[PDB]
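Structure file protein38.cif (mmCIF, N, CA, C and O atoms) follows.
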data_entry
#
loop_
_atom_site.label_atom_id
_atom_site.label_comp_id
_atom_site.auth_asym_id
_atom_site.auth_seq_id
_atom_site.Cartn_x
_atom_site.Cartn_y
_atom_site.Cartn_z
N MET A 1 -0.08 46.91 14.10
CA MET A 1 1.29 47.39 13.93
C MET A 1 2.06 46.31 13.17
O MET A 1 1.60 45.17 13.09
N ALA A 2 3.22 46.66 12.60
CA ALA A 2 4.00 45.69 11.84
C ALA A 2 4.34 44.46 12.66
O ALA A 2 4.19 43.34 12.16
N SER A 3 4.79 44.63 13.91
CA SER A 3 5.01 43.49 14.79
C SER A 3 3.70 42.78 15.10
O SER A 3 3.63 41.54 15.17
N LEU A 4 2.63 43.56 15.30
CA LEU A 4 1.32 42.98 15.52
C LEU A 4 0.82 42.26 14.27
O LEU A 4 0.17 41.22 14.38
N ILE A 5 1.14 42.78 13.08
CA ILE A 5 0.80 42.06 11.86
C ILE A 5 1.60 40.76 11.76
O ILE A 5 1.10 39.75 11.26
N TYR A 6 2.84 40.78 12.23
CA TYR A 6 3.63 39.55 12.27
C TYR A 6 2.99 38.51 13.19
O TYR A 6 2.89 37.33 12.82
N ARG A 7 2.54 38.92 14.37
CA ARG A 7 1.89 37.95 15.24
C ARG A 7 0.59 37.47 14.60
O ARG A 7 0.21 36.30 14.76
N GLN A 8 -0.09 38.35 13.87
CA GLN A 8 -1.29 37.96 13.15
C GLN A 8 -0.99 36.89 12.10
O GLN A 8 -1.74 35.92 11.97
N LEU A 9 0.10 37.07 11.35
CA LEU A 9 0.60 36.04 10.45
C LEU A 9 0.90 34.73 11.17
O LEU A 9 0.70 33.66 10.60
N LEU A 10 1.38 34.81 12.41
CA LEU A 10 1.61 33.60 13.19
C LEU A 10 0.31 32.94 13.63
O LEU A 10 0.26 31.71 13.76
N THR A 11 -0.74 33.72 13.86
CA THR A 11 -1.94 33.20 14.51
C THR A 11 -2.74 32.28 13.59
O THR A 11 -3.16 31.19 14.01
N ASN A 12 -2.96 32.68 12.34
CA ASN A 12 -4.04 32.09 11.55
C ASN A 12 -3.66 30.75 10.95
O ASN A 12 -3.84 30.53 9.75
N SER A 13 -3.16 29.83 11.77
CA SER A 13 -2.69 28.53 11.30
C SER A 13 -3.82 27.55 11.02
O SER A 13 -3.56 26.49 10.45
N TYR A 14 -5.05 27.88 11.39
CA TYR A 14 -6.19 26.99 11.22
C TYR A 14 -6.63 26.85 9.76
O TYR A 14 -7.69 26.28 9.50
N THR A 15 -5.83 27.34 8.81
CA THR A 15 -6.14 27.23 7.40
C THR A 15 -5.19 26.33 6.63
O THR A 15 -5.56 25.85 5.55
N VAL A 16 -3.99 26.09 7.15
CA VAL A 16 -3.05 25.19 6.50
C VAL A 16 -3.60 23.78 6.42
O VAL A 16 -3.42 23.09 5.40
N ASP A 17 -4.27 23.32 7.47
CA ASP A 17 -4.89 22.00 7.45
C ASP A 17 -5.97 21.91 6.38
O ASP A 17 -6.05 20.92 5.65
N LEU A 18 -6.81 22.94 6.27
CA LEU A 18 -7.81 22.95 5.22
C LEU A 18 -7.15 22.93 3.86
O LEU A 18 -7.55 22.16 2.98
N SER A 19 -6.09 23.72 3.68
CA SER A 19 -5.41 23.78 2.40
C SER A 19 -4.83 22.43 2.00
O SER A 19 -5.03 21.96 0.87
N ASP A 20 -4.11 21.77 2.91
CA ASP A 20 -3.48 20.53 2.49
C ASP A 20 -4.45 19.36 2.45
O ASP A 20 -4.20 18.41 1.70
N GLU A 21 -5.58 19.40 3.17
CA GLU A 21 -6.56 18.35 2.94
C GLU A 21 -7.28 18.57 1.61
O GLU A 21 -7.67 17.61 0.94
N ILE A 22 -7.46 19.84 1.20
CA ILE A 22 -7.91 20.13 -0.16
C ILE A 22 -6.93 19.56 -1.17
O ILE A 22 -7.32 18.97 -2.18
N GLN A 23 -5.63 19.75 -0.92
CA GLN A 23 -4.62 19.18 -1.81
C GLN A 23 -4.74 17.66 -1.87
O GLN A 23 -4.70 17.07 -2.96
N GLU A 24 -4.88 17.02 -0.72
CA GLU A 24 -4.94 15.56 -0.65
C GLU A 24 -6.18 15.01 -1.34
O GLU A 24 -6.08 14.03 -2.08
N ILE A 25 -7.34 15.61 -1.11
CA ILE A 25 -8.57 15.05 -1.66
C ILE A 25 -8.59 15.13 -3.18
O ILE A 25 -9.12 14.24 -3.85
N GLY A 26 -8.02 16.18 -3.76
CA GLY A 26 -7.86 16.28 -5.19
C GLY A 26 -6.57 15.68 -5.71
O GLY A 26 -6.30 15.78 -6.91
N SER A 27 -5.78 15.05 -4.85
CA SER A 27 -4.49 14.51 -5.24
C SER A 27 -4.68 13.16 -5.92
O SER A 27 -5.78 12.77 -6.32
N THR A 28 -3.58 12.42 -6.08
CA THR A 28 -3.58 11.15 -6.78
C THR A 28 -4.09 10.04 -5.86
O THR A 28 -4.61 10.27 -4.77
N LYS A 29 -3.92 8.80 -6.32
CA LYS A 29 -4.43 7.63 -5.64
C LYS A 29 -3.75 7.42 -4.28
O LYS A 29 -2.65 7.90 -4.02
N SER A 30 -4.44 6.66 -3.43
CA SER A 30 -3.85 6.10 -2.22
C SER A 30 -3.49 4.64 -2.48
O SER A 30 -3.79 4.08 -3.53
N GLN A 31 -2.85 4.01 -1.49
CA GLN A 31 -2.31 2.68 -1.70
C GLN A 31 -2.11 2.01 -0.35
O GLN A 31 -2.08 2.67 0.70
N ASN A 32 -2.00 0.68 -0.37
CA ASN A 32 -1.76 -0.10 0.84
C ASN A 32 -0.78 -1.22 0.50
O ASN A 32 -1.12 -2.14 -0.24
N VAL A 33 0.43 -1.13 1.05
CA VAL A 33 1.47 -2.13 0.83
C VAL A 33 1.11 -3.35 1.67
O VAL A 33 0.29 -3.25 2.59
N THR A 34 1.71 -4.51 1.38
CA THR A 34 1.36 -5.72 2.10
C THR A 34 2.55 -6.30 2.86
O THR A 34 3.61 -5.69 2.93
N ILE A 35 2.36 -7.49 3.44
CA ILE A 35 3.31 -8.08 4.39
C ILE A 35 4.09 -9.19 3.70
O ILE A 35 3.60 -9.82 2.76
N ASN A 36 5.31 -9.42 4.16
CA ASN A 36 6.21 -10.41 3.58
C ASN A 36 6.87 -11.25 4.66
O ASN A 36 7.01 -10.79 5.81
N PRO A 37 7.27 -12.48 4.34
CA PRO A 37 7.92 -13.35 5.33
C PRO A 37 9.39 -13.03 5.57
O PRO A 37 9.90 -12.01 5.10
N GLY A 38 10.07 -13.89 6.33
CA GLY A 38 11.49 -13.78 6.56
C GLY A 38 12.27 -14.89 5.89
O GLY A 38 12.19 -15.09 4.67
N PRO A 39 13.04 -15.65 6.66
CA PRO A 39 13.85 -16.75 6.10
C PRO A 39 12.95 -17.88 5.60
O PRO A 39 11.73 -17.82 5.67
N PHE A 40 13.59 -18.94 5.10
CA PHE A 40 12.86 -19.99 4.39
C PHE A 40 13.45 -21.34 4.78
O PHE A 40 14.23 -21.45 5.74
N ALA A 41 13.08 -22.39 4.04
CA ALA A 41 13.37 -23.76 4.44
C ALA A 41 14.37 -24.49 3.56
O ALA A 41 15.02 -25.42 4.04
N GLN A 42 14.51 -24.11 2.28
CA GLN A 42 15.48 -24.72 1.37
C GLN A 42 15.22 -26.22 1.21
O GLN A 42 16.03 -27.07 1.60
N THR A 43 14.07 -26.53 0.64
CA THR A 43 13.64 -27.91 0.43
C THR A 43 13.87 -28.32 -1.02
O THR A 43 14.38 -27.55 -1.84
N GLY A 44 13.48 -29.55 -1.33
CA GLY A 44 13.63 -30.06 -2.68
C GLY A 44 12.90 -31.37 -2.86
O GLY A 44 11.90 -31.64 -2.21
N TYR A 45 13.44 -32.19 -3.77
CA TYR A 45 12.89 -33.51 -4.09
C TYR A 45 14.05 -34.50 -4.24
O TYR A 45 14.67 -34.60 -5.30
N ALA A 46 14.34 -35.22 -3.17
CA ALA A 46 15.48 -36.13 -3.14
C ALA A 46 15.22 -37.44 -3.88
O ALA A 46 15.95 -37.76 -4.83
N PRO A 47 14.20 -38.23 -3.50
CA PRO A 47 14.12 -39.60 -4.06
C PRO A 47 13.45 -39.64 -5.43
O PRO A 47 12.28 -40.00 -5.60
N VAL A 48 14.22 -39.26 -6.45
CA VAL A 48 13.77 -39.31 -7.83
C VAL A 48 14.72 -40.21 -8.61
O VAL A 48 15.95 -40.04 -8.56
N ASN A 49 14.16 -41.20 -9.31
CA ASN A 49 14.99 -42.05 -10.16
C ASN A 49 14.07 -42.71 -11.18
O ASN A 49 13.22 -43.53 -10.82
N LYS B 1 -13.68 -77.23 -12.61
CA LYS B 1 -14.02 -78.10 -13.74
C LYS B 1 -15.09 -77.50 -14.65
O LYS B 1 -16.18 -77.14 -14.19
N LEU B 2 -14.77 -77.38 -15.94
CA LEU B 2 -15.79 -77.08 -16.93
C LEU B 2 -16.51 -78.36 -17.34
O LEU B 2 -16.05 -79.48 -17.06
N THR B 3 -17.65 -78.20 -17.99
CA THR B 3 -18.47 -79.33 -18.41
C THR B 3 -18.53 -79.42 -19.93
O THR B 3 -18.54 -78.40 -20.63
N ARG B 4 -18.56 -80.65 -20.43
CA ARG B 4 -18.70 -80.94 -21.85
C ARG B 4 -17.58 -80.28 -22.66
O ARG B 4 -17.79 -79.81 -23.78
N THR B 5 -16.38 -80.23 -22.09
CA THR B 5 -15.21 -79.67 -22.73
C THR B 5 -14.00 -80.52 -22.35
O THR B 5 -14.11 -81.48 -21.58
N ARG B 6 -12.84 -80.15 -22.89
CA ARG B 6 -11.60 -80.83 -22.54
C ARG B 6 -10.77 -80.07 -21.52
O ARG B 6 -9.95 -80.69 -20.82
N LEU B 7 -10.94 -78.76 -21.41
CA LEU B 7 -10.22 -77.98 -20.41
C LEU B 7 -10.89 -78.14 -19.05
O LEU B 7 -12.12 -78.12 -18.94
N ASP B 8 -10.08 -78.28 -18.01
CA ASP B 8 -10.58 -78.58 -16.68
C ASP B 8 -9.83 -77.74 -15.65
O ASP B 8 -8.71 -77.28 -15.89
N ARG B 9 -10.47 -77.56 -14.50
CA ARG B 9 -9.87 -76.90 -13.33
C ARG B 9 -9.41 -75.48 -13.68
O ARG B 9 -8.22 -75.15 -13.66
N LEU B 10 -10.39 -74.64 -14.00
CA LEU B 10 -10.10 -73.24 -14.28
C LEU B 10 -9.49 -72.58 -13.05
O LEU B 10 -9.98 -72.75 -11.93
N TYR B 11 -8.40 -71.84 -13.27
CA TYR B 11 -7.74 -71.06 -12.23
C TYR B 11 -7.76 -69.60 -12.67
O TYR B 11 -6.81 -69.12 -13.29
N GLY B 12 -8.84 -68.90 -12.34
CA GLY B 12 -8.97 -67.50 -12.71
C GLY B 12 -10.35 -67.14 -13.23
O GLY B 12 -11.25 -67.98 -13.24
N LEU B 13 -10.51 -65.89 -13.66
CA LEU B 13 -11.79 -65.41 -14.16
C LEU B 13 -11.86 -65.57 -15.66
O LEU B 13 -11.03 -64.98 -16.38
N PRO B 14 -12.80 -66.34 -16.19
CA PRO B 14 -13.13 -66.26 -17.61
C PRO B 14 -13.82 -64.93 -17.91
O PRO B 14 -13.99 -64.08 -17.04
N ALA B 15 -14.24 -64.77 -19.16
CA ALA B 15 -14.92 -63.56 -19.60
C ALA B 15 -16.43 -63.72 -19.68
O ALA B 15 -17.09 -62.98 -20.42
N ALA B 16 -17.01 -64.66 -18.93
CA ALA B 16 -18.45 -64.90 -19.05
C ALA B 16 -19.26 -63.92 -18.22
O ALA B 16 -19.96 -63.06 -18.77
N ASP B 17 -19.17 -64.01 -16.89
CA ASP B 17 -19.93 -63.09 -16.05
C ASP B 17 -19.45 -63.10 -14.60
O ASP B 17 -19.52 -64.13 -13.92
N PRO B 18 -18.96 -61.98 -14.09
CA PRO B 18 -18.75 -61.84 -12.65
C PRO B 18 -19.90 -61.11 -11.96
O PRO B 18 -19.89 -60.94 -10.74
N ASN B 19 -20.87 -60.65 -12.75
CA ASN B 19 -22.01 -59.94 -12.18
C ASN B 19 -22.73 -60.82 -11.16
O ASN B 19 -23.08 -60.37 -10.07
N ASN B 20 -22.97 -62.08 -11.52
CA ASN B 20 -23.39 -63.11 -10.58
C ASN B 20 -24.68 -62.75 -9.85
O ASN B 20 -25.03 -63.35 -8.83
N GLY B 21 -25.41 -61.76 -10.37
CA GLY B 21 -26.58 -61.28 -9.68
C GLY B 21 -26.29 -60.40 -8.48
O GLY B 21 -27.21 -60.12 -7.70
N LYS B 22 -25.05 -59.96 -8.31
CA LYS B 22 -24.70 -59.04 -7.24
C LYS B 22 -24.55 -57.63 -7.80
O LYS B 22 -24.76 -57.38 -8.99
N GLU B 23 -24.18 -56.70 -6.92
CA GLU B 23 -24.33 -55.29 -7.24
C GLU B 23 -23.00 -54.60 -7.53
O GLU B 23 -22.88 -53.88 -8.52
N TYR B 24 -21.99 -54.81 -6.69
CA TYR B 24 -20.72 -54.10 -6.84
C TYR B 24 -19.60 -54.92 -6.20
O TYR B 24 -19.81 -56.03 -5.72
N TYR B 25 -18.40 -54.34 -6.20
CA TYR B 25 -17.25 -54.82 -5.44
C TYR B 25 -16.80 -53.70 -4.52
O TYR B 25 -16.74 -52.55 -4.94
N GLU B 26 -16.49 -54.04 -3.27
CA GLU B 26 -16.14 -53.05 -2.27
C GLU B 26 -14.71 -53.27 -1.79
O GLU B 26 -14.33 -54.39 -1.43
N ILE B 27 -13.92 -52.20 -1.78
CA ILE B 27 -12.56 -52.21 -1.26
C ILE B 27 -12.39 -51.01 -0.34
O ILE B 27 -12.77 -49.89 -0.70
N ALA B 28 -11.82 -51.23 0.84
CA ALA B 28 -11.59 -50.18 1.81
C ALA B 28 -10.10 -49.87 1.93
O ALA B 28 -9.24 -50.73 1.69
N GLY B 29 -9.81 -48.63 2.29
CA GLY B 29 -8.42 -48.22 2.43
C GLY B 29 -8.33 -46.79 2.94
O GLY B 29 -9.33 -46.14 3.22
N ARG B 30 -7.08 -46.33 3.06
CA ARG B 30 -6.79 -44.97 3.51
C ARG B 30 -5.57 -44.46 2.75
O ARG B 30 -4.56 -45.16 2.67
N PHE B 31 -5.68 -43.25 2.20
CA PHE B 31 -4.55 -42.64 1.52
C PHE B 31 -3.55 -42.06 2.51
O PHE B 31 -3.88 -41.73 3.65
N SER B 32 -2.31 -41.95 2.05
CA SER B 32 -1.28 -41.18 2.76
C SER B 32 -0.57 -40.35 1.69
O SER B 32 0.41 -40.81 1.09
N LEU B 33 -1.07 -39.15 1.47
CA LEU B 33 -0.67 -38.31 0.35
C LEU B 33 0.17 -37.13 0.82
O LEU B 33 -0.23 -36.38 1.72
N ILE B 34 1.34 -36.98 0.21
CA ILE B 34 2.21 -35.83 0.43
C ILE B 34 2.40 -35.14 -0.92
O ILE B 34 2.69 -35.80 -1.92
N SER B 35 2.21 -33.83 -0.95
CA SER B 35 2.30 -33.07 -2.19
C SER B 35 2.58 -31.62 -1.86
O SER B 35 2.71 -31.23 -0.70
N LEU B 36 2.67 -30.80 -2.91
CA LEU B 36 3.04 -29.40 -2.75
C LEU B 36 1.84 -28.50 -3.01
O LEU B 36 1.11 -28.68 -4.00
N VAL B 37 1.63 -27.53 -2.13
CA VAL B 37 0.44 -26.68 -2.20
C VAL B 37 0.82 -25.21 -2.05
O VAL B 37 1.67 -24.86 -1.21
N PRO B 38 0.24 -24.31 -2.84
CA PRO B 38 0.52 -22.87 -2.70
C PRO B 38 -0.50 -22.08 -1.90
O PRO B 38 -0.29 -20.87 -1.70
N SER B 39 -1.58 -22.70 -1.42
CA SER B 39 -2.77 -21.99 -0.97
C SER B 39 -2.79 -21.74 0.53
O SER B 39 -3.85 -21.76 1.16
N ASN B 40 -1.62 -21.51 1.14
CA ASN B 40 -1.55 -21.18 2.55
C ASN B 40 -0.53 -20.08 2.83
O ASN B 40 0.18 -20.12 3.84
N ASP B 41 -0.44 -19.10 1.93
CA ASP B 41 0.46 -17.95 2.09
C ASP B 41 -0.36 -16.78 2.61
O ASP B 41 -0.94 -16.00 1.85
N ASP B 42 -0.39 -16.65 3.93
CA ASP B 42 -1.33 -15.75 4.61
C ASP B 42 -0.69 -14.42 5.01
O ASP B 42 -1.05 -13.84 6.04
N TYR B 43 0.25 -13.91 4.22
CA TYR B 43 0.87 -12.61 4.50
C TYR B 43 0.55 -11.54 3.47
O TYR B 43 0.36 -10.38 3.84
N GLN B 44 0.48 -11.88 2.18
CA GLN B 44 0.26 -10.88 1.14
C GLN B 44 -1.21 -10.42 1.11
O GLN B 44 -1.99 -10.78 0.24
N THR B 45 -1.56 -9.60 2.12
CA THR B 45 -2.87 -9.00 2.31
C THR B 45 -2.73 -7.50 2.58
O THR B 45 -1.71 -7.05 3.11
N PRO B 46 -3.74 -6.70 2.23
CA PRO B 46 -3.64 -5.25 2.46
C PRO B 46 -3.65 -4.92 3.94
O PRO B 46 -4.02 -5.73 4.80
N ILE B 47 -3.24 -3.69 4.24
CA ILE B 47 -3.09 -3.24 5.62
C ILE B 47 -4.46 -3.11 6.27
O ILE B 47 -5.37 -2.50 5.71
N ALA B 48 -4.60 -3.69 7.47
CA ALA B 48 -5.77 -3.51 8.32
C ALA B 48 -7.05 -4.00 7.64
O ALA B 48 -8.04 -3.28 7.51
#

Represent the supplied structure as structure tokens.
Amino acid sequence: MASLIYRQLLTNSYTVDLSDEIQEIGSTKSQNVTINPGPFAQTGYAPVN
Amino acid sequence: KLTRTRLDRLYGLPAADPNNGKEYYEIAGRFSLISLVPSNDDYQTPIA
């Protein structure tokens, strides 16, 4: 029935995962960002003459 | 004192020979070195 067809449309969700992993595997590159420090020391070279 | 010459009482090394039939000269010591190094930045690495 139309309402039953609507519930059927709700049921078959086990294909969206297949679809988007298909999208991902044929998609562009992956990447891995790296780590960075915080504050610093503000040093120099005093005894120069 | 040199011999058969007029100069006497040498104070220092002439240019004749310090080899003296020996092998080397040995000096001992220890450095105390402070300098700048870039090779200890242990954060810029990929995840996991």

Could you please select, counting all atoms listed in the file, the residues of chain A within 6 Å of chain B and state them as a list in words?
residues 32, 33, 34, 35 and 36 of chain A

Output the selection as a PDB file, in the frame of the given file - N, CA, C and O atoms for each residue.
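Wrote it out as part23.pdb, contents follow:
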ATOM      1  N   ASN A  32      -2.000   0.680  -0.370  1.00  0.00           N
ATOM      2  CA  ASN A  32      -1.760  -0.100   0.840  1.00  0.00           C
ATOM      3  C   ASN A  32      -0.780  -1.220   0.500  1.00  0.00           C
ATOM      4  O   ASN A  32      -1.120  -2.140  -0.240  1.00  0.00           O
ATOM      5  N   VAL A  33       0.430  -1.130   1.050  1.00  0.00           N
ATOM      6  CA  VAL A  33       1.470  -2.130   0.830  1.00  0.00           C
ATOM      7  C   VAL A  33       1.110  -3.350   1.670  1.00  0.00           C
ATOM      8  O   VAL A  33       0.290  -3.250   2.590  1.00  0.00           O
ATOM      9  N   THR A  34       1.710  -4.510   1.380  1.00  0.00           N
ATOM     10  CA  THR A  34       1.360  -5.720   2.100  1.00  0.00           C
ATOM     11  C   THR A  34       2.550  -6.300   2.860  1.00  0.00           C
ATOM     12  O   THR A  34       3.610  -5.690   2.930  1.00  0.00           O
ATOM     13  N   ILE A  35       2.360  -7.490   3.440  1.00  0.00           N
ATOM     14  CA  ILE A  35       3.310  -8.080   4.390  1.00  0.00           C
ATOM     15  C   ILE A  35       4.090  -9.190   3.700  1.00  0.00           C
ATOM     16  O   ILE A  35       3.600  -9.820   2.760  1.00  0.00           O
ATOM     17  N   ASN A  36       5.310  -9.420   4.160  1.00  0.00           N
ATOM     18  CA  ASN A  36       6.210 -10.410   3.580  1.00  0.00           C
ATOM     19  C   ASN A  36       6.870 -11.250   4.660  1.00  0.00           C
ATOM     20  O   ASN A  36       7.010 -10.790   5.810  1.00  0.00           O
TER      21      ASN A  36
END

How many Å lie between atom C of residue 11 (chain A) and atom C of residue 27 (chain A), rounded to one decimal?
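Atom-to-atom, atom C of residue 11 (chain A) to atom C of residue 27 (chain A), that is 27.4 Å.
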
Could you check how far CA of residue 1 (chain B) sits from atom N of residue 24 (chain B), in Å to one decimal?
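We find that CA of residue 1 (chain B) and atom N of residue 24 (chain B) lie 25.6 Å from each other.
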
May I ask for the distance between atom N of residue 1 (chain A) and atom N of residue 13 (chain A), given in Å to one decimal place?
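Separation of atom N of residue 1 (chain A) and atom N of residue 13 (chain A): 17.5 Å.
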
Could you give me the centre and size, in Å to one decimal, of an axis-aligned box around all listed atoms of region 14-17 of chain B with 6 Å added on every side, as lines of an AutoDock Vina configuration file?
center_x = -16.4
center_y = -64.7
center_z = -17.2
size_x = 19.2
size_y = 15.4
size_z = 18.5

Using DSSP on the backbone, list every residue of chain A that comes out as helix (DSSP H, G or I), and give them as a PyMOL selection string.
chain A and resi 2-11+13-25
